[PDB]
Amino acid sequence: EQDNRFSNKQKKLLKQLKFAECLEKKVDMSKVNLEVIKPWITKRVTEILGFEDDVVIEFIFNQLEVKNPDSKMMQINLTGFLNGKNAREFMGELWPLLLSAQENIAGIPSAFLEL
Amino acid sequence: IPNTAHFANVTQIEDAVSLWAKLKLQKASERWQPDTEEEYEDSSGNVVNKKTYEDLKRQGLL
Amino acid sequence: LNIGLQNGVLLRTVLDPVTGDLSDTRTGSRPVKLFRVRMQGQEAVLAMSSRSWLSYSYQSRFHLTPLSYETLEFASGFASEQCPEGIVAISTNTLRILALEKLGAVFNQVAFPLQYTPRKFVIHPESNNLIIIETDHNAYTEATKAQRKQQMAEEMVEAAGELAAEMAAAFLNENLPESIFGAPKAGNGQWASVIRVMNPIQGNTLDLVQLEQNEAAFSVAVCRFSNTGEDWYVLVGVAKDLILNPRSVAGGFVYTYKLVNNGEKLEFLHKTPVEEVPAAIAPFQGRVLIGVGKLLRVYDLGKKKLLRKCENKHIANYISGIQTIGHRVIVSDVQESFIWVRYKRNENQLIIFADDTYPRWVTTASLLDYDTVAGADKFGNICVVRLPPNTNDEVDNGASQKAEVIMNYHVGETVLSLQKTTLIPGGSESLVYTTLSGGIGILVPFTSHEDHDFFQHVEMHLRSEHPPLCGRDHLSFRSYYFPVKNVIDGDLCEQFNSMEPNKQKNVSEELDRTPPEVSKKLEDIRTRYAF
Amino acid sequence: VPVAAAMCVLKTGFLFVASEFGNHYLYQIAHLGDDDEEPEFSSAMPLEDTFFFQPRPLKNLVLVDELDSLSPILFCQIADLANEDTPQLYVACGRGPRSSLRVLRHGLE
Amino acid sequence: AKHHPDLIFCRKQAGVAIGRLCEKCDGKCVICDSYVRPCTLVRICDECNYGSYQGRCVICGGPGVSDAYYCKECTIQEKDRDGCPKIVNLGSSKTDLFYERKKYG
Amino acid sequence: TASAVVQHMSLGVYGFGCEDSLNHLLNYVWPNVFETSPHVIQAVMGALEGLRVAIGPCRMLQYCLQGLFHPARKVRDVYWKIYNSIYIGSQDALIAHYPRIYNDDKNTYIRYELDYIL
Amino acid sequence: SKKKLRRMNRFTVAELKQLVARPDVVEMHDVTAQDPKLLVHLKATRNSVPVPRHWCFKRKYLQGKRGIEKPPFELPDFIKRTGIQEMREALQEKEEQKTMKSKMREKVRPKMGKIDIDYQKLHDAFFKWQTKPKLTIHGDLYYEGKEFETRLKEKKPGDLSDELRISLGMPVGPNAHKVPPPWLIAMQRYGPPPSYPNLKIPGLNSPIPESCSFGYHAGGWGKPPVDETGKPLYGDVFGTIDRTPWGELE
Amino acid sequence: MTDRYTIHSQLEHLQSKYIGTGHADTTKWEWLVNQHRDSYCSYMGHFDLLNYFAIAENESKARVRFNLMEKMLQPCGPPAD
Ligand SMILES: [Zn+2]
Ligand SMILES: [Zn+2]
Ligand SMILES: [Zn+2]
């Protein structure tokens, strides 16, 4: 904002991290039902953590409810709470499920279409 | 090949030669040779360079 | 009050119980006769001494302007239904009702139309006739225009339908003047050019040559080669297949015409091809210099084609202009600068002997004397460049001895024509430039450190107490590209008169003078060089 | 009308046109130009090609005034090509078919 | 102030609020740190002008008493065109001398 | 301290054509560009920006040109710092000053509008 | 190594010297530039100014200037004329004779108006006797040792000097032209030196310089060279527009 | 290391607040590309290079303006790779 002697650490990670695979196809949120996903997110993380962390839950929710989310930024922000590779796998697992739900006509992922 | 500035830091002889050749071509380009360019029309209105002009001039004809 | 004398002079004054302050000019050594006449919303005075000189305040501005007609004898105002306002003017064996038109003016115009953009013109000195080249990108030469108009009518006929419906005749007979509907012209590499010999008295066009479809005319010169007699020839450089923004050409030609019928009709002699657009031609000691791209060749007149008598290959970029004082040649190219060049006559050489220290997109030049050049810039600047006193005229980063730049000024608009000349009779020399937005200005030398210093102080104090209107800084403006050097702003100095007299007196007190003397000293300079 | 760098349609039914090169014009409006045998194009009308028209001299405008202007001055020369003792300015001027050669002299006509 | 490399400006967009000087700081420029030929007045960022920050020394931070100017040299090189020149950080020297004193007496 | 003198002297004599003097002193101030003392290097920087407004940006760019793409990197560091400071103030006056840089195989580096003749 | 791939890109110096249009410009390390074609093209542009010599030097800049001793600054002539120098010398020597006692005594009882200097001489010295020094043209950077270069490129014999003619046994001053250097005798004898076909000798190949005399006594210009027909051997040993400035103050 | 990325910091700042600056790692492409873009924005500001160009070709100032602003998105080829 006012300082020059510090670098943008986000951009630095934007260069120097190892990211997930589905993180390219931009995604909109109008086309999505979330309240179907929400329990999936909850159980996913709660297992990753062995306990429940409401704040991480709501963090992911709030980062998603935007018009179009940045998968890069989201993987970064979860890298702290989860163990880094867990974040890569988790995001590259949810984001394709997002693509599925969004090309679905009801907006729901094919996993819960089947189940 | 004259020990001039252009060949400093060149050490291999084949390189010095080749470079000297292209530099010969360069200076030849920028030089002005009247003998080859200066174009002369004869009394018959067609063009020669001044070389042939003076040639056939004193050669009894031009 | 106004007092005109009999050896043509007249002085104006205020009147209060004492004649306040005087001003004086001259109007031919013959009696200044005076006549009150109503003019354009004002009373004004005529004067006749040897020329009709109307004296009047234009929105409180005393301009004393000639008007253009023969000598006069007497006059006075006049009105009628036939003439809402005019002048009864009796002159040699005549009485005339005259009318004075547009009064807000310094020059008055008369326009002779043309067909395309005129890129250059030259005066033939005997018959006083203007040879004019004209060129237009992305156009159609006239022949081609009519031909392919015809051809599209050919297509249109073929609609196979009622045959009966013939818009052909209507099409080919309808002729929408381009002067009002625009030129029906397009293409991207398509040029269209023309030559025209015109008389300057009235717009009668003594002759008109029409070049082919993509032959574009870029330079013209009128000269006498010495190997023939007093035969005046006319040379016209012409590019062929030019493309503009990528750049490329097919190549140039130099058309030669004999300029016969005492100077009112061209006649083609020969076109000698050349390897790039000949953007500059100059007569030079009985032969002709020609810039061709980067090469600078000296040609002489051969009677099948032009002959290459000399050449230089060192000019930097692309020759845009060529001038010659008696034996020096100032080449001026498109991005570096002016380049001086010496013609070693007997040894037959063109040797570069000085150049410039700055990069500068010249668009025009003019020699002030043997040692000095003045140049304009594609960006708005004007410079004056001089050769240092001890230059070695004849010898035998990249140059030898450089030239010092002794003035620099940002005019504001591209200046495309400079010329050193005198305007009023008897008045002193000045350097007149004409911009590309329609402006005309002059630059005038100072003759006395006292003058120069008075004016330096006037403008220095105006800069501070009467700043530019829209926010800018005057010094920063005039130093837009290179900082100012040895020029003063008459346009800013002459805003004293429109300042508010409290401020007038503050400035004239910084000078320790009065607004009247300050204003008189503002206008004497204006008067001894220009209008 | 000439190509313009500004059209300023006043009240009083005047219309200023500031041509980009050459002289400026003050026109006066006569009719809003409607309901005649002139076609009318529309955004609901379909076509599969474009609709057309054909230009003609002025109908809705009458040229009231014309301001002279030297813009652009592609060349100039101060000479004495008359017999007068003063020099005239031979200005090669204007663009395109509106180009000109104007002679200027410090006088009044 | 051209003397202490450790400090920083607000640098955010200008405003209309004139700038003010403390009595220690009175009279000098704000960048050039000169003492002479002051030409133009200082205008400060609205944020750096809001609330408690009104009427203070741009440099010192104390109670502003006089209007801050720019020297003619800053005006000519156009260093007055960068938005709020308020130093937004205290520096080492203030707290340093303060602690040396509060230990001394 | 002679560099500080030159800074203030240029800012003062701006506009009066005392320019060959200032250029001559540029020839002596310029070699001090490879210094490392904070105070000597920022005195020289102040001098070069005073001289930019008084000598103009052409000269300053004729001085910065050859070292922007140098083999080394200390000299690229210094030259790009100087060039940035010439650029930031008077970045418009420079349009007329840049040098002609030819076009290679794939891109076109030449500005042709500036070679339109008219 | 991708570093060694960039190194595999690195032309040889003869590669560079070949491709570029001006090879002189190319130096050794120019090969190591991430843009060598640009770099050389920018080194070949007109009017630009080459990097300072000492970027590679291991010693710093005038830290190397170190060793020798130097004479004090030398005042301009127009400032010498006013005699401030000897004035301040007098006071320096007086005050060096002073001791601490007398120093404090004059601190407490000054000798006001002891000495003075007049104005109008300072005013003439700055506003009426000033002169432009010899300045340097654009691009003459300074380097350590530039000021201990005599000069060079001075190929002309006409250029004579004062120390030269003195230790030649020839006079300097206004009679320099009428003063023949020891070279003109054998110049008339066997031509000019055969690198200088194009040098003209004062008194031997050119006319007598004004008011100098052909002759063979002490101070003359000899018996001028000519052939057996009467044609001079070199040049002529016997001597067979409107340049006004345009806008200038009266 | 320290000085390296701290001046890399200050220069990222300079550039990002001032498009067009450089650093020790500036390529020929981006140099000349900023140089072109500035040239265009100034042909558009300056009311008289706009005339010069509109007269040199045969267009109108609005079309010339439009063309410049079209070119301003890739004036020198595609990027380096
Ligand atoms: Zn304070
Ligand atoms: Zn300041
Ligand atoms: Zn702020």
# chains A, B, ... in the order shown; residues from 1 in each chain; ligands from 1
>>> select_by_dssp(residues="chain B", states="strand (DSSP E or B)", output="list in words")
residues 39, 40, 41, 47, 48 and 49 of chain B
>>> write_last_selection(atoms="N, CA, C and O atoms", output="mmCIF file, in the first residue's frame")
data_model
loop_
_atom_site.group_PDB
_atom_site.id
_atom_site.type_symbol
_atom_site.label_atom_id
_atom_site.label_comp_id
_atom_site.auth_asym_id
_atom_site.auth_seq_id
_atom_site.Cartn_x
_atom_site.Cartn_y
_atom_site.Cartn_z
ATOM 1 N N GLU B 39 27.652 7.017 -65.117
ATOM 2 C CA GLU B 39 27.088 6.517 -66.362
ATOM 3 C C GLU B 39 27.062 7.612 -67.416
ATOM 4 O O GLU B 39 26.513 8.692 -67.190
ATOM 5 N N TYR B 40 27.643 7.305 -68.573
ATOM 6 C CA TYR B 40 27.876 8.244 -69.659
ATOM 7 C C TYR B 40 27.081 7.831 -70.887
ATOM 8 O O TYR B 40 27.178 6.693 -71.348
ATOM 9 N N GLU B 41 26.310 8.764 -71.425
ATOM 10 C CA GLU B 41 25.594 8.545 -72.668
ATOM 11 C C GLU B 41 26.487 8.997 -73.813
ATOM 12 O O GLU B 41 27.196 10.002 -73.692
ATOM 13 N N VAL B 47 23.933 4.579 -73.074
ATOM 14 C CA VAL B 47 24.743 4.829 -71.887
ATOM 15 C C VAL B 47 25.923 3.871 -71.833
ATOM 16 O O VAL B 47 25.796 2.681 -72.139
ATOM 17 N N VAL B 48 27.085 4.405 -71.468
ATOM 18 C CA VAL B 48 28.252 3.630 -71.082
ATOM 19 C C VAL B 48 28.736 4.183 -69.749
ATOM 20 O O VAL B 48 28.367 5.285 -69.347
ATOM 21 N N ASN B 49 29.556 3.411 -69.050
ATOM 22 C CA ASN B 49 30.266 4.027 -67.940
ATOM 23 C C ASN B 49 31.458 4.809 -68.480
ATOM 24 O O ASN B 49 31.889 4.612 -69.619
#
>>> interface_residues(of="chain G", to="chain H", cutoff="10 Å", atoms="only C-alpha atoms", output="VMD selection string")
chain G and resid 34 to 35 38 to 39
>>> residues_around(residues="range 92-95 of chain C", least_positions_apart="2", cutoff="12 Å", atoms="only C-alpha atoms", output="compact mmCIF listing (two decimals) with C-alpha atoms, in the first residue's frame")
# COMPACT_ATOMS: atom_id res chain seq x y z
CA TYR C 69 -6.80 48.65 -54.81
CA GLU C 70 -5.23 51.49 -56.82
CA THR C 71 -4.61 55.04 -55.64
CA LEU C 72 -7.50 57.17 -54.38
CA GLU C 73 -8.58 60.81 -54.35
CA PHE C 74 -11.33 61.24 -51.73
CA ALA C 75 -14.19 59.40 -50.05
CA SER C 76 -16.79 59.47 -47.29
CA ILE C 87 -17.99 54.22 -49.01
CA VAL C 88 -18.51 56.80 -51.68
CA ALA C 89 -14.99 56.82 -53.06
CA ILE C 90 -13.96 59.07 -55.90
CA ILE C 97 -19.57 52.77 -54.16
CA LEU C 98 -17.27 50.40 -52.28
>>> residues_near_ligand(ligand="ligand 1", cutoff="12 Å", atoms="only C-alpha atoms and all ligand atoms", output="ChimeraX atom specification")
/E:1,19-30,55-68,86-87
>>> write_last_selection(atoms="N, CA, C and O atoms", output="mmCIF file, in the first residue's frame")
data_model
loop_
_atom_site.group_PDB
_atom_site.id
_atom_site.type_symbol
_atom_site.label_atom_id
_atom_site.label_comp_id
_atom_site.auth_asym_id
_atom_site.auth_seq_id
_atom_site.Cartn_x
_atom_site.Cartn_y
_atom_site.Cartn_z
ATOM 1 N N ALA E 1 11.356 14.276 4.202
ATOM 2 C CA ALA E 1 12.648 14.777 4.650
ATOM 3 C C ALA E 1 13.773 13.916 4.078
ATOM 4 O O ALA E 1 13.827 12.707 4.313
ATOM 5 N N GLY E 19 -2.100 21.603 4.376
ATOM 6 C CA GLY E 19 -1.273 20.886 5.327
ATOM 7 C C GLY E 19 -0.683 21.858 6.328
ATOM 8 O O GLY E 19 -0.529 23.045 6.038
ATOM 9 N N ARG E 20 -0.357 21.349 7.511
ATOM 10 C CA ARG E 20 0.010 22.196 8.630
ATOM 11 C C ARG E 20 1.304 21.725 9.276
ATOM 12 O O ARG E 20 1.667 20.550 9.205
ATOM 13 N N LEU E 21 1.992 22.666 9.919
ATOM 14 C CA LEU E 21 3.318 22.445 10.475
ATOM 15 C C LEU E 21 3.327 22.644 11.987
ATOM 16 O O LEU E 21 2.655 23.529 12.514
ATOM 17 N N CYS E 22 4.104 21.816 12.682
ATOM 18 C CA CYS E 22 4.387 22.067 14.089
ATOM 19 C C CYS E 22 5.492 23.108 14.215
ATOM 20 O O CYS E 22 6.182 23.437 13.248
ATOM 21 N N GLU E 23 5.665 23.634 15.426
ATOM 22 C CA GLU E 23 6.554 24.783 15.572
ATOM 23 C C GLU E 23 8.020 24.398 15.451
ATOM 24 O O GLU E 23 8.816 25.171 14.908
ATOM 25 N N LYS E 24 8.402 23.227 15.958
ATOM 26 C CA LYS E 24 9.708 22.678 15.622
ATOM 27 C C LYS E 24 9.899 22.653 14.111
ATOM 28 O O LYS E 24 10.896 23.153 13.583
ATOM 29 N N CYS E 25 8.931 22.083 13.398
ATOM 30 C CA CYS E 25 9.061 21.855 11.971
ATOM 31 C C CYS E 25 8.826 23.100 11.137
ATOM 32 O O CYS E 25 9.027 23.051 9.925
ATOM 33 N N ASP E 26 8.415 24.204 11.743
ATOM 34 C CA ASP E 26 7.943 25.341 10.969
ATOM 35 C C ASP E 26 9.003 25.854 9.995
ATOM 36 O O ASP E 26 10.148 26.123 10.358
ATOM 37 N N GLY E 27 8.594 25.983 8.734
ATOM 38 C CA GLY E 27 9.330 26.740 7.745
ATOM 39 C C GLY E 27 10.036 25.955 6.662
ATOM 40 O O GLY E 27 10.436 26.552 5.662
ATOM 41 N N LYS E 28 10.193 24.649 6.813
ATOM 42 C CA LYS E 28 11.008 23.870 5.899
ATOM 43 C C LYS E 28 10.131 23.223 4.835
ATOM 44 O O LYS E 28 8.903 23.240 4.920
ATOM 45 N N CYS E 29 10.766 22.651 3.817
ATOM 46 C CA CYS E 29 10.007 21.883 2.848
ATOM 47 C C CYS E 29 9.720 20.502 3.407
ATOM 48 O O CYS E 29 10.189 20.128 4.480
ATOM 49 N N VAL E 30 8.925 19.742 2.666
ATOM 50 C CA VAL E 30 8.468 18.457 3.174
ATOM 51 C C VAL E 30 9.193 17.313 2.488
ATOM 52 O O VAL E 30 9.206 16.187 2.989
ATOM 53 N N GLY E 55 -5.194 18.988 11.454
ATOM 54 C CA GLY E 55 -4.494 20.132 12.002
ATOM 55 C C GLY E 55 -3.198 19.799 12.696
ATOM 56 O O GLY E 55 -2.864 20.422 13.709
ATOM 57 N N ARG E 56 -2.455 18.829 12.181
ATOM 58 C CA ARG E 56 -1.225 18.359 12.793
ATOM 59 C C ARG E 56 -0.036 18.686 11.906
ATOM 60 O O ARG E 56 -0.192 19.127 10.768
ATOM 61 N N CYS E 57 1.158 18.482 12.442
ATOM 62 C CA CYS E 57 2.341 18.539 11.605
ATOM 63 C C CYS E 57 2.389 17.318 10.720
ATOM 64 O O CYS E 57 2.326 16.187 11.205
ATOM 65 N N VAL E 58 2.458 17.555 9.416
ATOM 66 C CA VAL E 58 2.727 16.474 8.481
ATOM 67 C C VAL E 58 3.964 15.708 8.922
ATOM 68 O O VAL E 58 3.972 14.473 8.978
ATOM 69 N N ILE E 59 5.026 16.435 9.261
ATOM 70 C CA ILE E 59 6.288 15.820 9.649
ATOM 71 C C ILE E 59 6.274 15.428 11.120
ATOM 72 O O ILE E 59 6.329 14.241 11.454
ATOM 73 N N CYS E 60 6.185 16.420 12.012
ATOM 74 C CA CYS E 60 6.222 16.137 13.443
ATOM 75 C C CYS E 60 5.053 15.280 13.888
ATOM 76 O O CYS E 60 5.274 14.219 14.479
ATOM 77 N N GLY E 61 3.833 15.686 13.572
ATOM 78 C CA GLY E 61 2.644 15.057 14.097
ATOM 79 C C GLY E 61 2.005 15.788 15.252
ATOM 80 O O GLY E 61 0.941 15.371 15.715
ATOM 81 N N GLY E 62 2.613 16.870 15.724
ATOM 82 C CA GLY E 62 2.082 17.590 16.851
ATOM 83 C C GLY E 62 0.934 18.490 16.465
ATOM 84 O O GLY E 62 0.133 18.170 15.588
ATOM 85 N N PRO E 63 0.821 19.632 17.132
ATOM 86 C CA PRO E 63 -0.262 20.560 16.812
ATOM 87 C C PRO E 63 0.128 21.491 15.680
ATOM 88 O O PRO E 63 1.043 22.305 15.808
ATOM 89 N N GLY E 64 -0.595 21.385 14.572
ATOM 90 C CA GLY E 64 -0.273 22.198 13.413
ATOM 91 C C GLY E 64 -0.584 23.655 13.676
ATOM 92 O O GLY E 64 -1.619 23.988 14.259
ATOM 93 N N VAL E 65 0.310 24.538 13.238
ATOM 94 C CA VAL E 65 0.144 25.970 13.463
ATOM 95 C C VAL E 65 0.259 26.788 12.193
ATOM 96 O O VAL E 65 -0.222 27.935 12.156
ATOM 97 N N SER E 66 0.848 26.266 11.123
ATOM 98 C CA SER E 66 1.140 27.049 9.932
ATOM 99 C C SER E 66 1.056 26.131 8.726
ATOM 100 O O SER E 66 1.197 24.913 8.843
ATOM 101 N N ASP E 67 0.876 26.726 7.556
ATOM 102 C CA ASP E 67 0.645 25.969 6.339
ATOM 103 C C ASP E 67 1.961 25.563 5.699
ATOM 104 O O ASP E 67 2.913 26.337 5.638
ATOM 105 N N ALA E 68 2.003 24.329 5.215
ATOM 106 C CA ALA E 68 3.220 23.746 4.676
ATOM 107 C C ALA E 68 3.304 24.097 3.205
ATOM 108 O O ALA E 68 2.276 24.226 2.541
ATOM 109 N N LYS E 86 2.481 12.617 3.897
ATOM 110 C CA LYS E 86 2.564 12.486 5.342
ATOM 111 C C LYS E 86 3.392 11.265 5.705
ATOM 112 O O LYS E 86 3.150 10.169 5.198
ATOM 113 N N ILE E 87 4.373 11.453 6.583
ATOM 114 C CA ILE E 87 5.148 10.331 7.096
ATOM 115 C C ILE E 87 4.250 9.544 8.041
ATOM 116 O O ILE E 87 3.792 10.070 9.057
#
>>> residues_near_ligand(ligand="ligand 3", cutoff="7 Å", atoms="only C-alpha atoms and all ligand atoms", output="PyMOL selection string")
chain E and resi 10-12+44-49+84-86
>>> write_last_selection(atoms="N, CA and C atoms", output="PDB file, in the first residue's frame")
ATOM      1  N   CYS E  10       2.484   8.436   2.976  1.00  0.00           N
ATOM      2  CA  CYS E  10       1.159   7.886   2.696  1.00  0.00           C
ATOM      3  C   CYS E  10       0.996   7.599   1.213  1.00  0.00           C
ATOM      4  N   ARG E  11       1.422   8.537   0.369  1.00  0.00           N
ATOM      5  CA  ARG E  11       1.495   8.373  -1.083  1.00  0.00           C
ATOM      6  C   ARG E  11       0.130   8.196  -1.744  1.00  0.00           C
ATOM      7  N   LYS E  12      -0.956   8.271  -0.988  1.00  0.00           N
ATOM      8  CA  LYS E  12      -2.271   8.051  -1.561  1.00  0.00           C
ATOM      9  C   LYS E  12      -2.838   9.381  -2.035  1.00  0.00           C
ATOM     10  N   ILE E  44      -3.367  17.149   1.496  1.00  0.00           N
ATOM     11  CA  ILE E  44      -3.131  15.874   2.153  1.00  0.00           C
ATOM     12  C   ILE E  44      -4.290  14.920   1.898  1.00  0.00           C
ATOM     13  N   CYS E  45      -3.987  13.632   1.989  1.00  0.00           N
ATOM     14  CA  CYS E  45      -4.983  12.600   1.778  1.00  0.00           C
ATOM     15  C   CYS E  45      -6.096  12.699   2.805  1.00  0.00           C
ATOM     16  N   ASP E  46      -7.323  12.435   2.349  1.00  0.00           N
ATOM     17  CA  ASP E  46      -8.474  12.504   3.242  1.00  0.00           C
ATOM     18  C   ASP E  46      -8.334  11.530   4.404  1.00  0.00           C
ATOM     19  N   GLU E  47      -7.920  10.291   4.127  1.00  0.00           N
ATOM     20  CA  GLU E  47      -7.686   9.348   5.215  1.00  0.00           C
ATOM     21  C   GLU E  47      -6.692   9.920   6.210  1.00  0.00           C
ATOM     22  N   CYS E  48      -5.560  10.417   5.715  1.00  0.00           N
ATOM     23  CA  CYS E  48      -4.519  10.966   6.576  1.00  0.00           C
ATOM     24  C   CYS E  48      -4.880  12.358   7.065  1.00  0.00           C
ATOM     25  N   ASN E  49      -6.120  12.759   6.822  1.00  0.00           N
ATOM     26  CA  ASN E  49      -6.656  14.019   7.296  1.00  0.00           C
ATOM     27  C   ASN E  49      -7.858  13.804   8.198  1.00  0.00           C
ATOM     28  N   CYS E  84      -0.517  12.503  -0.805  1.00  0.00           N
ATOM     29  CA  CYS E  84      -0.250  12.839   0.582  1.00  0.00           C
ATOM     30  C   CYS E  84       1.200  12.545   0.946  1.00  0.00           C
ATOM     31  N   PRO E  85       2.029  13.563   1.151  1.00  0.00           N
ATOM     32  CA  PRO E  85       3.358  13.343   1.718  1.00  0.00           C
ATOM     33  C   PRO E  85       3.397  13.313   3.237  1.00  0.00           C
ATOM     34  N   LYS E  86       2.481  12.617   3.897  1.00  0.00           N
ATOM     35  CA  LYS E  86       2.564  12.486   5.342  1.00  0.00           C
ATOM     36  C   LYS E  86       3.392  11.265   5.705  1.00  0.00           C
TER      37      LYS E  86
END
>>> residues_near_ligand(ligand="ligand 2", cutoff="12 Å", atoms="only C-alpha atoms and all ligand atoms", output="PyMOL selection string")
(chain E and resi 1-2+27-42+68-81+85) or (chain F and resi 8)
>>> interface_residues(of="chain C", to="chain H", cutoff="8 Å", atoms="only C-alpha atoms", output="list in words")
residues 136, 137, 138, 244, 378, 379, 413, 414, 436 and 437 of chain C
>>> residues_around(residues="residue 20 in chain H", least_positions_apart="5", cutoff="10 Å", atoms="only C-alpha atoms", output="PyMOL selection string")
(chain F and resi 84+87-88+91) or (chain H and resi 14-15+30-35+37-38)
>>> interface_residues(of="chain B", to="chain G", cutoff="7 Å", atoms="only C-alpha atoms", output="JSON, numbers by chain")
{"B": [5, 6, 9, 10, 15, 19]}
>>> atom_distance(atom1="CA of residue 4 in chain B", atom2="CA of residue 400 in chain C")
19.3 Å
>>> residues_around(residues="range 93-100 of chain D", least_positions_apart="3", cutoff="8 Å", atoms="only C-alpha atoms", output="list in words")
residues 111, 112, 113, 114, 115, 116, 117, 118, 136, 178, 179, 182 and 183 of chain C; 21, 22, 70, 71, 72, 73, 74 and 75 of chain D; 55 and 58 of chain H
>>> closest_residue(among="G:139, G:215, G:110, G:225", to="chain C", atoms="only C-alpha atoms")
G:139
>>> interface_residues(of="chain C", to="chain B", cutoff="8 Å", atoms="only C-alpha atoms", output="ChimeraX atom specification")
/C:302-304,307-314
>>> closest_residue(among="F:106, F:39, F:97, F:76", to="chain C", atoms="only C-alpha atoms")
F:97
>>> select_by_dssp(residues="chain E", states="helix (DSSP H, G or I)", output="NGL selection string")
:E and (47-49 or 51-53 or 72-77 or 92-104)
